[PDB]
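Report on one structure; see the data block that follows.
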Amino acid sequence: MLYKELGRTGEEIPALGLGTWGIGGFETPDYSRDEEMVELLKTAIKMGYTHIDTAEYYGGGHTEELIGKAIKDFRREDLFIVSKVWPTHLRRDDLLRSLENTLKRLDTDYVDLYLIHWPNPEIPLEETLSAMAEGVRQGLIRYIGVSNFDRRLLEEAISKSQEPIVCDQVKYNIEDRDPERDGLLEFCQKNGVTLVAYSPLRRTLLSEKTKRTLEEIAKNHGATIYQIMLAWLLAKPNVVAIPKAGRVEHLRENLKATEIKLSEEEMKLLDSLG
Ligand SMILES: NC(=O)c1ccc[n+]([C@@H]2O[C@H](COP(=O)([O-])OP(=O)(O)OC[C@H]3O[C@@H](n4cnc5c(N)ncnc54)[C@H](OP(=O)(O)O)[C@@H]3O)[C@@H](O)[C@H]2O)c1
Ligand SMILES: [Cl-]
Ligand SMILES: [Cl-]
């Protein structure tokens with residue numbers, strides 16, 4: 001498991017997180033596979049996936065309840081648990097209520113990282129960030145960040161926040177280059193913000209031409225095209241990745257990707273696919 005520093009915190013986190021979207025349902029709760037999902041989370045954690053990415057929205061809250069059971073087999077302080085507040089809850093009272101309920105479902109006293117899940121232009125960012133700072137001051141949150149914020153909105157959040165914005169969680173993979181084109185990655189790299197890439201395998205939806213290039217590189221490394229997609233992200237300063245892995249084979253495979261060393265020419269070829 002590769003580690004990288006979170007923001008400028010002097011703290012290192014696993015550079016692969018465990019994405020939990022789908023676990024225990026999608027937009028609504030799914031109870032039908034609870035024991036199997038808890039077992040999957042424990043296995044991921046024991047394998048070294050101690051960075052866990054979830055949200056109050058996941059499974060209508062049930063994802064957090066499944067995570068809450070799974071973590072009971074481990075030392076809370078060994079885990080880096082990330083949760084997120086949905087855009088309808090960014091006013092002060094709703095945000096603190098959401099946080100508290102997230103802590104009840106996770107059955108834990110704090111989250112390591114709390115994110116604005118999506119921006120809501122109707123709710124002033126200063127109100128939202130002050131509410132989050134109240135959570136930090138009460139010991140409910142160790143660090144705060146944002147998600148789905150473009151560069152300009154990240155700059156605005158940094159200007160309105162009493163607490164450091166340690167990360168921005170955005171879609172980034174071998175075909176989705178919005179963070180590059182926006183200056184967001186470069187901004188993060190120069191300002192001590194960790195860019196957390198979600199859908200880093202693009203949910204396995206690639207084109208034929210990307211495929212041809214990934215296949216040559218994977219062959220040379222004895223790897224799958226998905227391992228190369230992850231190695232590519234992880235080779236970039238300030239980039240951490242949150243793949244969803246719902247099976248043990250994928251959890252093992254994705255962990256091995258943290259050992260791939262791409263050459264400079266490989267990086268250049270891969271950069272050029274977008
Ligand atoms: N901030 C946000 O708004 C936001 C938005 C979307 C997602 N996220 C977070 O980021 C996570 C990742 O996003 P994502 O699930 O959309 O995309 P992803 O991780 O790129 O795609 C997951 C898909 O790839 C498969 N997979 C994983 N490892 C694989 C491997 N080695 N080979 C082949 N397939 C593999 C999974 O299959 P199996 O499950 O069958 O292994 C699953 O179908 C989410 O769980 C969530 O925590 C955040
Ligand atoms: Cl939305
Ligand atoms: Cl994974």
Side-chain angles (χ1 to χ4, degrees), residues 1-2 14-27 33 36-37 40-41 43-59 62-64 66-67 80-90 111 113-123 145-150 153-154 167-176 178-179 184 194-206 210-211 214-215 218 221 223-234 239-260:
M1 171 58 78
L2 177 77
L16 288 182
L18 189 76
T20 66
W21 173 239
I23 296 171
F26 294 84
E27 308 95 336
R33 295 174 84 93
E36 181 202 349
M37 289 308 98
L40 172 64
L41 290 165
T43 298
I45 295 172
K46 290 175 223 132
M47 206 178 306
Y49 286 90
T50 56
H51 171 184
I52 308 171
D53 185 83
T54 195
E56 63 167 341
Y57 207 75
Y58 296 182
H62 188 52
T63 308
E64 279 168 340
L66 288 173
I67 293 172
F80 193 89
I81 306 186
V82 185
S83 200
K84 314 185 193 102
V85 52
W86 195 248
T88 66
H89 299 142
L90 301 186
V111 283
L113 179 58
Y114 203 51
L115 310 180
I116 303 176
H117 201 157
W118 294 87
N120 182 344
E122 188 255 323
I123 302 171
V146 303
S147 179
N148 298 300
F149 279 39
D150 72 6
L153 202 60
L154 172 61
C167 74
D168 193 1
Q169 188 184 127
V170 299
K171 201 195 315 188
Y172 187 37
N173 58 60
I174 199 70
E175 291 199 341
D176 298 322
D178 284 345
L184 173 62
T194 299
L195 189 154
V196 180
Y198 76 71
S199 309
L201 309 180
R202 198 164 189 281
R203 289 191 47 251
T204 84
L205 304 186
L206 276 60
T210 296
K211 273 181 213 272
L214 287 172
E215 279 153 16
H221 287 264
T224 73
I225 60 162
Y226 302 119
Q227 297 176 309
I228 298 305
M229 286 174 81
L230 284 175
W232 174 75
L233 282 170
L234 293 180
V239 177
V240 161
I242 308 306
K244 159 61 165 33
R247 311 168 196 255
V248 166
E249 188 202 13
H250 290 149
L251 293 167
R252 285 179 201 180
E253 182 176 305
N254 290 350
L255 212 55
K256 278 171 194 135
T258 75
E259 302 180 274
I260 295 165

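All heavy atoms count here, side chains included; hydrogens, waters and symmetry mates do not. Count residues from 1 along the sequence. Whatever order the structure lists ligands and atoms in, that order sets their numbers, starting from 1.
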Mark up the atoms of ligand 1 that fall under 4.0 Å of a heavy atom belonging to [X], in ascending order.
{"X": "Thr204", "answer": "24 (O), 25 (C), 34 (N)"}
{"X": "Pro200", "answer": "18 (P), 19 (O), 20 (O)"}
{"X": "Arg202", "answer": "20 (O)"}
{"X": "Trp118", "answer": "3 (O)"}
{"X": "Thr20", "answer": "45 (O), 47 (O)"}

Who's the nearest protein heavy-atom neighbour of [atom], and how far?
{"atom": "atom 40 (O) of ligand 1", "value": "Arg247 NE, 3.1 Å"}
{"atom": "atom 19 (O) of ligand 1", "value": "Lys244 N, 2.5 Å"}
{"atom": "atom 46 (C) of ligand 1", "value": "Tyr58 OH, 3.3 Å"}
{"atom": "atom 20 (O) of ligand 1", "value": "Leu201 N, 2.8 Å"}
{"atom": "atom 3 (O) of ligand 1", "value": "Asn148 ND2, 2.9 Å"}
{"atom": "atom 5 (C) of ligand 1", "value": "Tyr198 CE1, 3.1 Å"}
{"atom": "atom 21 (O) of ligand 1", "value": "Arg203 CA, 3.3 Å"}
{"atom": "atom 12 (C) of ligand 1", "value": "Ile242 O, 2.9 Å"}

Distance, nearest 0.5 Å, that separates [atom1] of [X] from [atom2] of [Y]:
{"X": "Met229", "Y": "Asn254", "atom1": "CE", "atom2": "CG", "result": "10.5 Å"}
{"X": "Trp21", "Y": "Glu27", "atom1": "CH2", "atom2": "CD", "result": "4.5 Å"}
{"X": "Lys84", "Y": "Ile116", "atom1": "NZ", "atom2": "CD1", "result": "13.0 Å"}
{"X": "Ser83", "Y": "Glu64", "atom1": "OG", "atom2": "CD", "result": "4.0 Å"}
{"X": "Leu18", "Y": "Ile45", "atom1": "CG", "atom2": "CD1", "result": "7.5 Å"}

N/O of [X] under 3.5 Å from N/O of ligand 1, yes or no?
{"X": "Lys84", "result": "no"}
{"X": "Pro243", "result": "no"}
{"X": "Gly246", "result": "yes"}

Inset, instruction - Examine the proximity of ligand 1 to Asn254 and report which part, side chain or backbone, both or neither, has a heavy atom under 4.0 Å away. - result: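 Just the side chain.
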Inset, instruction - Determine whether the side chain, the backbone, both or neither of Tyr226 has a heavy atom under 4.0 Å from any heavy atom of ligand 1. - result: side chain
Legend entry - Option of least heavy-atom distance to atom 16 (O) of ligand 1 (set: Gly19, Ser199, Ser147):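 Checking each option, the heavy atom nearest atom 16 (O) of ligand 1 is found in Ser199.
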Inset, instruction - Mark yes or no for whether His51, through its side chain, and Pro14, through its backbone, hold a donor-acceptor pair below 3.5 Å. - result: yes
Inset, instruction - Report yes or no: does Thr194 contribute a side-chain atom to a donor-acceptor pair with the main-chain N or O of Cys167 at less than 3.5 Å? - result: no
Legend entry - Salt bridge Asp178-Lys171, side-chain N to carboxylate O under 4.0 Å: no
Inset, instruction - Classify the ring geometry between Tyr57 and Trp86 as parallel (under 30°), tilted (30 to 60°) or perpendicular (over 60°). - result: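 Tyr57 vs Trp86 ring planes: parallel.
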Inset, instruction - Evaluate the side-chain proximity of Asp168 to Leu195: yes if any heavy-atom separation is below 4.5 Å, no if none is. - result: no
Legend entry - Protein contact for atom 43 (O) of ligand 1 (heavy atom, distance under 4.0 Å): no
Legend entry - Under 3.5 Å side-chain donor-acceptor pair for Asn148 and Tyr198: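 Note: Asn148 and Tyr198 side chains meet the donor-acceptor criterion.
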Inset, instruction - Verify whether one side chain among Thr20 and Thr54 offers a donor that lies under 3.5 Å from an acceptor in the other. - result: yes
